[PDB]
Each structure stands twice: as C-alpha cells, then as structure tokens.
Amino acid sequence: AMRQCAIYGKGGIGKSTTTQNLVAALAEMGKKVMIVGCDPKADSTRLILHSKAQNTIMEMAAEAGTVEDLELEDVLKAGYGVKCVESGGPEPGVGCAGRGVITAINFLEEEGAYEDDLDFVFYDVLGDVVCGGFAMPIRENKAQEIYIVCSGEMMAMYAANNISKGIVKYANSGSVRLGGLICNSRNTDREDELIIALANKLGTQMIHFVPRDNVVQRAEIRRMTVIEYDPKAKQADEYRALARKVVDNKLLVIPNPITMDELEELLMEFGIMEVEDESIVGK
Amino acid sequence: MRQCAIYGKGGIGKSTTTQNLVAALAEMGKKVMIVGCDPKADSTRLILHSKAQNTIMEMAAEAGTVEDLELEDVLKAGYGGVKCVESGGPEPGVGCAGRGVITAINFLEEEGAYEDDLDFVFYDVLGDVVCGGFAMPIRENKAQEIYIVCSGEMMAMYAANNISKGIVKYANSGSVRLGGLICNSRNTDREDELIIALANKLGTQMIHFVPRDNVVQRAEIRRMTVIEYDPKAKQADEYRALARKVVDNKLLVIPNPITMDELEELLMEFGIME
Amino acid sequence: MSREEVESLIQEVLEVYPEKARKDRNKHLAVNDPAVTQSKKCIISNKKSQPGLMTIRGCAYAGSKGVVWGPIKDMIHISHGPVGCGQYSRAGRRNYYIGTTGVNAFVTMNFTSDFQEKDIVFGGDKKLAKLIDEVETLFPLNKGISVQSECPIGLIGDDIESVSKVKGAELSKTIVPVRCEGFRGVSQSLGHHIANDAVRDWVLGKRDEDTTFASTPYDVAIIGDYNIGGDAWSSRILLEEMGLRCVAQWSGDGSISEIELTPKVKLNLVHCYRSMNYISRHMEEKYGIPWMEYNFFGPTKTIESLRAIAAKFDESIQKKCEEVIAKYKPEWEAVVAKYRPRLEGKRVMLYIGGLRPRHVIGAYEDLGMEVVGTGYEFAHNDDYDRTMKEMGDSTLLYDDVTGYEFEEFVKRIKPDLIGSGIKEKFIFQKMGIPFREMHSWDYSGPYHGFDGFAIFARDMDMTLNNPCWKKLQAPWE
Amino acid sequence: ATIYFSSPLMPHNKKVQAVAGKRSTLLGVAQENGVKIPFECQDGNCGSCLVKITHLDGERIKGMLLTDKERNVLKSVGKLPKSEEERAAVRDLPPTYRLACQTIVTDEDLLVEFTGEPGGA
Ligand SMILES: Nc1ncnc2c1ncn2[C@@H]1O[C@H](COP(=O)(O)OP(=O)(O)O)[C@@H](O)[C@H]1O
Ligand SMILES: Nc1ncnc2c1ncn2[C@@H]1O[C@H](COP(=O)(O)OP(=O)(O)O)[C@@H](O)[C@H]1O
Ligand code: ICS
Ligand code: CLF
Ligand code: SF4
Ligand code: FES
Ligand SMILES: [Mg+2]
Ligand SMILES: [Mg+2]
C-alpha cells in the first residue's frame, strides 16, 4: 500500500513547490502521504506546516547528543492531514552534504515511520549532483518511482541526464524506475516540445507541464499550498490533474542515456542556441 | 603567485565570466593558470578552442593510472600566456563526485606546474554544494582568495551564504579569505544595489556588476573570448575593468554568515520575491 | 667508469619497451653514487613485475616454504593444494642439516595434500584433518606440523586456521597454519614476512612459562642463516671459538626447540636482514633482546663483524676474538697470496635475490676483483640504502631485471665473471662468459668464514681461468 | 578472524567471525552479515567503500601487499599520508585507511569504522 516516489532535478527548478502542491492534491483525494525533504536547504515543508522552517533531524541530534534519543513526534509534524519530516544538510564544508539523508531515512526505518500506514511516500531530493546520500534512495532501492522536474534550461537537461544515468546504473539490482518528467515553465516559447523531445529520446513520457503562475507567490506569502489558497483557480486544476496522472502512471521504464553532443544539438534544434559551424571558429 | 577560486551556483556565468577575466588578464603581460572543477568540462572551452578538453581523470583512467599520466598531455596552452587544465568528474552515482579535483590538484603539485612563471592561478569550482573536492580548496588553504559569482536569484544568495559558512569554518586553518563579490546581471530590476547590500551585511566588498549582453552568445558560437572577439565591445571593457579591480583589490576579510530570515527580509523588501 | 656511457646505455636499452613498460622500468635502473644515503631518490624497489617480460622473481610460497620453514628438520611441512608446487621445491635448495630422513628429519621429503577436482569444488578442510591424522600415525617421532597454503587454498576459501587449532588441541601438537598463496605479494619478500608472522604468532607464543633452561651471559642466537652448503656451521664454529654459546639457528639445521629457546638469548646476530628483520624487531620490542647485523663473507668483513661482535661483551670475549683472528690470519693470507695474482683486476656483475649482492662485494674486493654491476630481484629500499655505499662510483644498479635487459647490459659491459642463478647460468654460458651460481654455490661451498673463503677463492679461480672459455669460436670461423 | 563493525548509522557494533584469506574480501563479509557499507563500483575505482581499519592485537599484525590500484584510489580520496605510503612500500605494513572491496581478511581481531558516506567526505 506504499508507492515510493522521488522528486529530482537541479536546484532553483521549483520542484519543492511542485511536491507540496502535489501532496495537497493527494490530501483532497484523502490519500495518507509522507513528505521527506532530503535537501540541505531544509524548506520542503514550509507550505504545509505554515511554519518558518521545520526543525531537521540533525538539530534534534545535536541538541540531544545522539540520534537514538530522538522521539518520532518532534521529528514528524502532521499538517494538512499529511505527516512531514525534514533531513537538511550538515554545516557546509565538512563531511558529505547528503549525510543527513543517510541519518534521516535510516532513523525513519528504525522508528517505524516507514511502516505501511500511508498511501504514498515522497522524497524531495536535490538532484544537481548525484552523490552519496543524494543517490542513496536510487542505490538502496528506497525510491521505486523517480520523477524529474526539468525546465527548458541546458542545466535542467544535464541534471535530468545525470539522474537517468544514475537510475540506469542501479537498474539491475533494484526496482528503481523513472516514471517521467514534470515540466515547470520558465516563460520559454519552445520549452514544452523541448522536454517532449528529451522525454522521447529518454524512452519515457511527460507527466505534465506546469505553467509559471503568479498565484504561487500569493500562496507562498501565507506559507500554504496553492490548492488550499485558491482551489477554484486554474493552477489548482493543473496540480490536481498532475496528481491524477501521478496516481495513474503505469509506465516505469529503464531510461536511455543521451550523449552531450546530442544534448547540444537538441538545444540548437529548438533554437535556444544558435547554429554552430566549424569554418566560423576563428575571428 | 596568488591563487583564486570562483565559487557559486551553476549557470550563473561562472565559466564564462571567469574565462573572460582570464582573457583580460592575459594581455597586460601576465601569465595565468586556469583549472575548472565543474563536472562538465566547459570551464576551458573558450580559451583552448577545443571542442571539449580531455580532462585529467578520463585520460588517467584510459592510461591505467595517474602515475602513467604526463603533464604535457593535460597542460594545454591554447593561448601563449595561459595554460588550461580540466579536473573532471566521475560518472553519476560512482563514488564522491569531487575526487577528480583531489587527483587533479595533487598531480599538479606533484609535477610542479606552479613554477617561476605564475602571476595568478584561478579555479572554477561548483559552489552549489561545498563538500569533498568542492570544499577542498577551502580546506588545504590552496586558494588564498575566493570570489563568489551571484545573481538576483535567491538560490545564488543561499549558495553564497554556504560559501561564507565554509570559509568561516576554516578561517583559522590558513589564509583562505573572501576577496569580494562579483554579480552577473539578468534582465531583472533592482539587482546591483542588492548584491551591494549582501556584501555590506557580509562584511565584504562588491567587486563589479557584469550585465547581460548580446556579444556573449556570438562568442559562444565563435568559441573565443569576448576580448578576443570584440576588444572594442563595451562588455570587453567591462571585463577589463573587472580584472583590474581584481588585481588592485587589497582587503580580504573573514565573512559573516547570514541566517535565512534576514536574507528573506532583504528579498521581500526589494520585492524580488513576494 | 664512463657514467655518461652508462645512462646512454640504459636509454638505448629501454627503447624497445612500450610506453608503459619503458616508463615503469626506467625507475628500476640507476648509476650508483656512493654519496647518496636515501636510495628512494635514485632507485625504486618492491614493485610488481611488468607482465610478460620473463621475470626472475618467485612466489610467496617459495619465499616461505622453500626459504624459511623448509630448513627446519624436526617438523613436517604440508603443501596444501596441487602437486606441482612442492614437487618443484623438493630439495632444490641446499639447506644442510644433520639427522635421519623419514624418521626424525623431513627436510628433503615432499608432503602434499594431493588436490583434485572434488577438492577444489567442495573444500579441503576434512581432507586436511584426515591428512594431519595420517601424518601423526605414520610419523610419531616428528615434533610439529606446518601447513603452507598455496593459491587454490586462498582462492576457494578454506579455513585452515580452524582445523589447525582443532587438531592441535586434539593431538597436543603444534600446528602452524601459514598463508603463502603465490599471488600474495609481488615476490619472495611477502613470503618471508608471512613465514615470520606465522613463526611469531604460533611458535614464540607456544612456550612463555618455561624458565627451566639455564642461561648464561654469553647466549647468542643466529638469525637468518640457512646453512647453504654448510655456511651456518662455519659461522657457528667461528662464533664458538670466540667463547660464545650459540643457542638457536634459523633455520638451516634449525630445530623447533631452538626456535622456542631463542627468546632466552642475550644477543641476536641477524645474517639475512631482509628475510628475518621482522622477527628481530618483534623480539627487541617484546623481550628486549638486542639484535645486530654481521657479515661473514671474506676475511675483511669477517674480521670487522667479529670485532664488532666482541665489542658487545666483556674483555674476555675480545681477547678470545683477537686470539681467533691471530690463529686464522695465516690461512687466509696464504689463500690470498696464492689466488690474488690469478684473480687481480677482473670485473664482475652480480644478480642475486636479497642481501647477497651486497654481502659478497668484500670477498670479491679482497681477491682483486671489482664489481661493475649489481641488483636485486626483491630487495626493498632499505637494502639499497645499505648497498649504495659498498659499491664504487658510476656502477650499474638494477631491480627486477629482465632477461632481455640483463642480456643487453652484459653484452655492452662485457664482464669477466657473472654471479647469478640457475635460470641465467646457461643463457650466459653460451655467450662465452664465465658464470657462477650465486644461490647454491654451484653445488659447492660453504663460503662463510675463512674455511668458506678458501672454497670461494678456489671455485672462482677454477671457473674464471678455465681452458673451455678459450674454445668457443671454431678455428675455421 | 573476528571483525567488529562500528558506525554512527548502526545502533550497536556488530561482532562476527570471518574466514581469513577468502577470495571474497571484507566486502563479502560485510554483505553476508547485514552490514551496509556504500558500494558503487565493481572495478575498485570509485572508492566509496573507504573504511577505518584498526588492529586491536598490535602484536598479531600480518604483512600484506598494497596494490597500485588501492594505493592510487587512496591518493584519490586523499586518505594516504606520505609516511603511511612509505611504510607500506618498505615494511609492507597496512595503512589506517582501506577499501572494503580490496582489503583481505587476515587471521586476527579487527575493528572497522565507517560513516556511511563515500570515500572523500
Ligand atoms: N509553478 C510555479 N509558477 C511560478 N513560480 C514558481 C512555480 N514554482 C516555483 N516557483 C518559484 O520558484 C522559486 C524557487 O523554487 P523552489 O521550490 O524554492 O526551488 P527548489 O525546488 O530548488 O527548492 C519560488 O520562489 C517560486 O516563486
Ligand atoms: N555577461 C554576460 N552576458 C550575457 N550572458 C552571460 C554573461 N555571463 C554569463 N552569461 C550566460 O550564462 C551562462 C552560463 O555559462 P557558464 O559559465 O558556462 O555556466 P556556469 O555558470 O554553470 O559555469 C552562459 O550560457 C552565458 O550565455
Ligand atoms: S633468505 Fe633469500 S634467492 Fe635472504 S629467498 Fe633466496 S639463502 Fe638468495 S639472495 Mo636463493 S634474500 Fe637467503 C636468499 Fe637471499 S634462497 Fe637464498 S640465495 S640471503
Ligand atoms: S605461484 Fe606459488 S609456486 Fe606457483 S601454483 Fe601459485 S603457490 Fe604454487 Fe605449483 S601447482 Fe602448478 S606450479 Fe603453479 S600451476 Fe598450480
Ligand atoms: S559524495 Fe557528493 S555530496 Fe557527498 S561530499 Fe562528495 S560531492 Fe559532496
Ligand atoms: S566498491 Fe568502489 S572502490 Fe570499493
Ligand atoms: Mg527546495
Ligand atoms: Mg561552467
């Protein structure tokens, strides 16, 4: 009764809002969902708990000395009918940035928070660089279905390609598969069909296209999901349709790696970058 | 012989602004070193004129081991003054993604590529997360001066804050200091005095505000720097001015890390976010 | 001389190798500079051999069973695995001894587990236990058993430690399990280290309670002398004439009782530093036993070592040492007077395993020969630091030399005598160059002491000045 | 051979007996005993299995060969001081840091520490 899900992609993409609004639409369904923020920014639960910032696991560990003394209730906070935990990142420059991820999920599995009392479990994970702890769910088979939030930016393409390379690397010892990509608009004319093209070359589908909406900030100012703010708005309808097709995704395919040369050509084809030639290199 | 490092969020023009700074530094009779720790080996594209410089670790693995690696095979001087080296990165999910920097820099000191002809050595390190090889130049005190590339986007400020925390943590280990803030400009309102204010509360100075210009894309198609493309371009003079303030920058301070809420307050007071 | 000619020689030799082999081998050839104290900046040692280059190094099993454990006579050594390993190492080394074969001594006999396909597939623990039982029934007199593992034992994952402990507890016998798989290590050095570690972790710990032995302020233990052709006996009689008491001999004619009694010794004299420095260090750290290196090759080295040896005791030992020196002076004086004029001025290159290249330069130099080239198969950096001083300027130094290499250097240098192993004796003998087996003394010896110095000089005059060397070319050619 | 696995991720250090000299390395004894050390390669180049090795019985130290691949990976992570390198090259003594997939089990008692992170912080 658990579907394990991961949200991947570069940082500054807007995936964290996507995950929270998606989770709220599952709350309207009445699905019991888990949100795990495995990101050092530690902000993937702001628009659910109406709080400044969830206190991560390592702050409990440092105030209590060890992680073992930690209780379940302080770590996990129940808002909007959905329970929330946050992992965060250690002080930047010492150890591994994804260390807390290893500290979080393991401790979750130790305290029974992962036992099957929920319909869905999500991990909002920064996917800028595939690294230990960031790649831990792909490796230890802790995230069955992976979704990439990818924009029309070259960086988003590169990050999605790296995550797909990771999944295909661990595509033999586990059931970690990629459901599809979610497109968040950056006000680009040809971005939709661009990510369509990389979905096709990657061997997968688009889950949805998310348009750039000003009501997102209006929902953020009260620290709430767009769904609760304006359920009658069109952004709420888009997120609800995204949730419905997230439940209904049956295509979980092993992705195909695409060469950087082809990524360059794909950006040139959609006119984002101009036409390069070899006889116009010296001037 | 000063050693510097570009720290910052990806896609904020770290490689391009760095490379144009190198092009500016080359012409006034200075021999300079460039190495990029970015996993994508695009930090030496514009100078070397190569399609993609063969990074250290790729040809170290093809040649069996880094012992069988020759300095001349990676030390390529596309222009006479400047040589170019790429650290590279492993395949995603294969070990730590920063050990390529470890191997590159260790081999560089092992073969003594820092000898008798260096005025500046400049590194381009991914500043999204400072850990392992990315946090290494802060740690062994290799890079005396650090400069942060930023924009008006909030993640750039958060990355700069993480860099500030990292340098503060390792201030006592060596002379690693923040030489200033450089901010590229996207076409958004109320940007330069923002980064000036971040520097003001950081205890650091604002170096230069580089705008968005059309000549950069033409140089990208050309694969030569703006100063090498269009020395009369106003952006070329802008990069030259930036370089001359880097050379003439004197103050190197211990930064002050800034909490989330005050950063957010500045962001709402400027209205960049609601 | 002609140092420039030497490095041009090594450049012109290294060209044929590919880039990897050339670059790796360039670290292993050097021109000797006696002023250098740290050889690490001039020569690189203890590295893996380049594949497919006709290397001369052995395996760790050779370094352990065929070198360290083998000379011990009262114990039975079992080659655990296939048949070839023991068969090629059966009595191929002249570690002399006294005793009866098959009854109380088992040095020149082959005990093997006789592995077959089922042994590889299922395991050899039960077979090893049955073999231990059958050893006990067929050989009651033996004092102990050692089990030398070979490559399949390590590769298939058998637990020889557990069976050793169980059978030793059951039969009240000392069972020493040693893991000397051939792939372990790059040469015989790891075999020496593994044998030393096994000796330390079983025999030395077997008795610590006993004190029933009567000690004396003049107890000395020989370490690293394997009685090759009788070397250790000559060293021992030279020592006893000086007034000391030799308790333990490792391991030529060595007994398990001497091995156990060794920690009750006042002074340790290490002959082969490489093969047995680890046990000397462990003894010095635990029992506080002082150890030092001595050389018994040639009269000069023998006299120097004897004086330094007597320097560690009272004046009676020094007086006895002077008496021994005076007694033995005329013999080696006469040997030198007879053989030096026939032997003066000749140039020799050497290539032996470890510490033998450096030990015998004194004997060569006493007879008027000079060493122009030397090297080792498996010596580490410390042996090179020790041997750089003993060699003249602008001479050749090599590590893990290959057949093609060594052939090219001998062709260019053109020496008068070459001392090396069996695997090169006949490749060099067909080139018309005299050759001496430096490992087994060419079925002769001993070479230690003055008595062995006489043998050394006789054999070298015999080999070098032979009529057969003048008839290699046909008169009509 | 007794092995004591300790880590901040494990609430209790695990003791278990291992067979010395098995072709399978400490990586195998880690897998069969439900101890998770990050593993990210099958050619011994990632270095994600970096671990701290301590020999409690100092007298019972066994010589071993530090292969060039393990040496170079230890340089790549940086967990190889010059003195440790020289000691391993000359006295054939193990270094304090090892790789779980390239370390062989020796007949002694050992304590292995890890942080659950790939080699290189
Ligand atoms: N659907 C959307 N429409 C418009 N703006 C959005 C949308 N989603 C996110 N954003 C904007 O993106 C900014 C940063 O996104 P965020 O979720 O913090 O990125 P990350 O997922 O890396 O944490 C937010 O300030 C928000 O205003
Ligand atoms: N002064 C500028 N004017 C216009 N565009 C710029 C300027 N500086 C950087 N850019 C753009 O920013 C992008 C980032 O390039 P690059 O530095 O290679 O990546 P990163 O910032 O991740 O190192 C480039 O595509 C470039 O077009
Ligand atoms: S033990 Fe060694 S190969 Fe030190 S394995 Fe070898 S009887 Fe040699 S140069 Mo044969 S390290 Fe002894 C030797 Fe020297 S067998 Fe003898 S001669 S002094
Ligand atoms: S390196 Fe050493 S001596 Fe060689 S096998 Fe290995 S332990 Fe032994 Fe004996 S049995 Fe024959 S010769 Fe070998 S192939 Fe199998
Ligand atoms: S594994 Fe990745 S996150 Fe961890 S320290 Fe290395 S680069 Fe940073
Ligand atoms: S698993 Fe990669 S080095 Fe051990
Ligand atoms: Mg986020
Ligand atoms: Mg770049």
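If you go along the chain as it appears here, the first residue is 1 and each next one adds 1.
This entry, so its header tells us, was determined using electron microscopy, 3.9 Å.
Positions of Cβ are set from backbone N, Cα and C atoms, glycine also.
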Inset, instruction - Please state which member of C:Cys42, C:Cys151 Swiss-Prot lists alongside C:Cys59, C:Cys85 for binding [8Fe-7S] cluster. - result: C:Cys151
Inset, instruction - Determine which residues of the same chain, besides C:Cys59, C:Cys85, C:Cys151, have their CB within 8 A of the center of the CB atoms at the recorded [8Fe-7S] cluster site, and list them by sequence. - result: C:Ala60, C:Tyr61, C:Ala62, C:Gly81, C:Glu150, C:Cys180, C:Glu181, C:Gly182, C:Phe183
Legend entry - Inter-residue C-alpha distance, C:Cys85 ([8Fe-7S] cluster binding site) and C:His439 ([7Fe-Mo-9S-C-homocitryl] cluster binding site) (nearest angstrom): 20
Legend entry - Lowest local Cβ density (other Cβ within 10 Å) among binding-site residues: C:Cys59, C:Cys85, C:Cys151, C:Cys272: C:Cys151
Inset, instruction - Would you identify the secondary structure of C:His439 ([7Fe-Mo-9S-C-homocitryl] cluster binding site) according to DSSP, in three states? - result: coil
Inset, instruction - Measure from the CA atom of C:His439 ([7Fe-Mo-9S-C-homocitryl] cluster binding site) to the CA atom of C:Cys151 ([8Fe-7S] cluster binding site) and give the result in Å, rounded to a whole number. - result: 25
Inset, instruction - Determine, from DSSP, whether C:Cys272 ([7Fe-Mo-9S-C-homocitryl] cluster binding site) sits in helix, strand or coil. - result: coil
Inset, instruction - Return the members of C:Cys59, C:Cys85, C:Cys272, C:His439 (the binding-site residues) with CB less than 6 angstroms from at least one atom of ligand 4, or none. - result: C:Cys59, C:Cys85
Inset, instruction - Ten-angstrom check, please: count other Cβ atoms within 10 Å of the Cβ of C:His439 ([7Fe-Mo-9S-C-homocitryl] cluster binding site), all chains counted. - result: 19
